[PDB]
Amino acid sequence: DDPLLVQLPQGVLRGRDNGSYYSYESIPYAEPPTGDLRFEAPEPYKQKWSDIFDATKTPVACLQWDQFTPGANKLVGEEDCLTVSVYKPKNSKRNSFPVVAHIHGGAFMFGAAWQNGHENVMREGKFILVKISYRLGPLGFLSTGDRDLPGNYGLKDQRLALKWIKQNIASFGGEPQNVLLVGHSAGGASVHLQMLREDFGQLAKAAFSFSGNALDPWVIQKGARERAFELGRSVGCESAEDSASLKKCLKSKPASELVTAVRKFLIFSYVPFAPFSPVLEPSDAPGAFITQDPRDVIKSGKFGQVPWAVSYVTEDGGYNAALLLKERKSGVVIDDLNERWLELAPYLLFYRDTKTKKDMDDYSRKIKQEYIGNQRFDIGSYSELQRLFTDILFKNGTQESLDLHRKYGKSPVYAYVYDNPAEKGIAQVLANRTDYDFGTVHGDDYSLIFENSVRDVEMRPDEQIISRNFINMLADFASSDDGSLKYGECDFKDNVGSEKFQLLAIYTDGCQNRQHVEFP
């Protein structure tokens, strides 16, 4: 048990030999955020160990209302979930590795470390992986907009895990000076949010945000305060008229009741998909995670100046436009948008809390005209609506992130767009069908790095190559002295100092840097 045992400040833990890698799982990095610690900042884990800690159990998911659990009851996970899991390749020739820290996606509402497979990256064997668990949904992100319930608990959980990695990953054979922080979807937005902290360079050497960034409209949201009291009203806390008594009452309810009440916010299947999300915190809440619009943070230059890459895929908006092609008895769900567009588009595209009712309806009319024209909403116009979702949910925020970083930051900033449709992906799950070519949907690229149950077990020959390319891209990025970035045969071109955007196009059998006034 020489390799299975690891010395931490609290004592020793025992991991598992998996043949090609060692795993040390469910290591707590904070006190359980239960009872009086619900809706509070994470507390550093303080318990000392008298025995050998059993680090052999799969990290539990955070208690969540999981979109992709079928059935009326989508509650899964545990409230006691603040854990890191370390995966180290087995190699008789090599025991020091760079580190990829991983933040799972799931719209800040659901998802889990264990659903992001580590077999692909362990088989390639070029870095240690650390999966971070963090509070989700109302438990991670409920907010009244004041210092009694400021919010962003899940982002503070991630940051404390990042400190844990700095302090302890060398006990596992990791190089703490070579940490690359990566994440997809809400994980990618979280990575960008962590990077926006001024001291982020002390926690990581580099960062990579896949199909998620701090400027996407489902990330930093307005309207949380009323959502918080709306949650209070659904769980028997209608009598609370201020933040402090709302917090007290909410803490008197079982966590499962609070999370189940997420269902009351979902007014069309799983729509809006992020009723709880990051927010701006007030200047008088100590330890606040973010208090300024991230655009103003970037312009100030006062953020972690590390190399960063941000990416999207060409039909990214398949999450979650594809739920509109789900068939019913009466017809197809998208048919309803011919009558309900003004009601639903602000929820689907995340501008219901940032515009007046008049401006909201004008924008709904405007974007429908530009993308759909005079077509009716049906399967024939679905591709144009999916393009609208791709642009507002994912692409526009990528372009604006890249624009602000290339102008106001000195560190290299890179980007790619991926176009290579998977056989199946998240869109077949949302639409419950396989008779429509959705294109390259949210997660088609990232699933090649961390395998999951949504795509095929077997990768096509081209995908096996692309997968190794991505994994090696991340490995080299974590070890890079100069902040350069390379996919396969293509160096990424830095966007700093170029008039046009520099966007690496990755496709089935190659890649090529392209230059754009605006993203295509």
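The numbering used is simple: start at 1 and walk along the sequence shown.
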Comparing 91 to 99 with 426 to 434, which has the greater mean CA B-factor as deposited? 91 to 99
Mean C-alpha temperature factor, higher of 164 to 172 and 203 to 211: 164 to 172
Maximum C-alpha temperature factor per the entry, among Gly106, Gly232, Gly301, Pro138, belongs to which one? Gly232
Just to confirm, going by the entry's C-alpha B-factors, which of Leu63, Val457, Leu37, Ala478 comes out highest? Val457
By its CA B factor, does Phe492 count among the lowest, middle or highest third of the modelled residues in the chain? middle
Pull the Cα B-factor of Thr58 out of the PDB entry and bin it into the chain's lowest, middle or highest third. highest
Which third of the chain holds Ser484 when residues are ordered by C-alpha B factor: lowest, middle or highest? highest
Lowest, middle or highest third: where is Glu343 by C-alpha B factor in its chain? lowest
Ranking every modelled residue in this chain by its Cα temperature factor as given in the entry, which third contains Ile52? highest
